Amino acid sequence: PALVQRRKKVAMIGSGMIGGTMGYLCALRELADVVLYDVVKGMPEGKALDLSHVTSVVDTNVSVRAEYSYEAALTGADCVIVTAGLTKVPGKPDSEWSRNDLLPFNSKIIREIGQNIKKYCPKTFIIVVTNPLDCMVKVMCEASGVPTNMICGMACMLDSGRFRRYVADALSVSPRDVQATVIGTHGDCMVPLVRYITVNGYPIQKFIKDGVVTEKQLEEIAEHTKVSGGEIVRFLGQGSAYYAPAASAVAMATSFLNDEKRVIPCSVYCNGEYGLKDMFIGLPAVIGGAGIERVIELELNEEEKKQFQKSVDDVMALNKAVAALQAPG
């Protein structure tokens, strides 16, 4: 009766919209046992019950449980996906929504979760989702102490997914066959690489020359990509996007758990790439069973480097501020 093949276990630290949605993907695909942890009592248990019922409906078998302590939620977790935190600053108008405004509200939460991971599952792969993304990934890395290849932040796959959908619609092709990437920080300074867009590897410039799309059209698509998060915040009225953020985070977790080696841009540790040190920023990377196995350095032209450098300069400033204000404990 000795267990030989144990199911993978993914812990959702934060069981709000994105956390619950990721639990749903795990149950739908029989990807792994799921634990839902939140500081709000009762709600995780209700969602865990609902998700457990999904397994019967779609004929899968994984365990979905709510846990109220960090130890019970984190022990044995192959992967930890962190969404705990605020989405909007209370009282501010949707018109002024800014992810950076979340910094003083979420930095302590993320640091605390990191300290618990260090204790309960130091060998886990951490995927941070909480905003402001790139700053939070660095806080998590420092607090959790895991090797730099075992921590990353989900964002660029989401921004790139938006970018891809818009291009797919313009070209009337499946997004599967649009490769479009956003690098940089997850915010107003993100960089949609219009120059790099390909359709099954064929350069977008050919479609322009051939009259399928225009330069302005692509420029508007890049701008739409940049403001997509806020666009959804304004339409929804309460909360922010969750369906695609969840699918992106789970796609990254699956590349790790199944050692797929997919090339997914995400917030990763920099050790010389693009000339950066001791910081995390959105870049193309390969995700496999050894975590972040490669960080891809793209050749940036004049204007791209300029936009990317802006995003770097900003996040370094925020990272300094966060460090200056970190609680001694």
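Note that residue numbering follows the sequence shown and begins at 1. If you superpose the two forms and keep the largest set of C-alpha atoms that fall within 1.5 Å, you have the rigid core.
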Between 104-112 and 136-144, which one shows the bigger average Cα displacement from this form in 4 other deposited structures of this protein once the rigid core is aligned? 104-112
Please pick 183-191 or 82-90, whichever has its Cα atoms farther from the shown form in 4 other deposited structures of this protein after a rigid core fit. 82-90
On average, are the C-alpha B-factors higher in 276-284 or in 53-61? 276-284
Looking only at C-alpha temperature factors in the entry, 259-267 or 35-43, the higher average sits in 35-43
In terms of recorded Cα temperature factor, pick the maximum from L103, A170, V137, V182. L103
Report the option among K92, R164, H186, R111 whose CA atom has the maximum B-factor in the deposited record. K92
Here the Cα B-factor of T148, set against its chain, lands in the third termed middle
Within this chain, which third does the Cα B-factor at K209 fall in: lowest, middle or highest? highest
Using only modelled residues of the chain, where does the Cα B factor of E304 rank: lowest third, middle third or highest third? highest
Determine, from the deposited record, the chain-internal third of the Cα B-factor for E297: lowest, middle or highest. highest
Would you mind checking where the Cα B-factor of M12 ranks among the modelled residues of its chain, as the lowest, middle or highest third? lowest
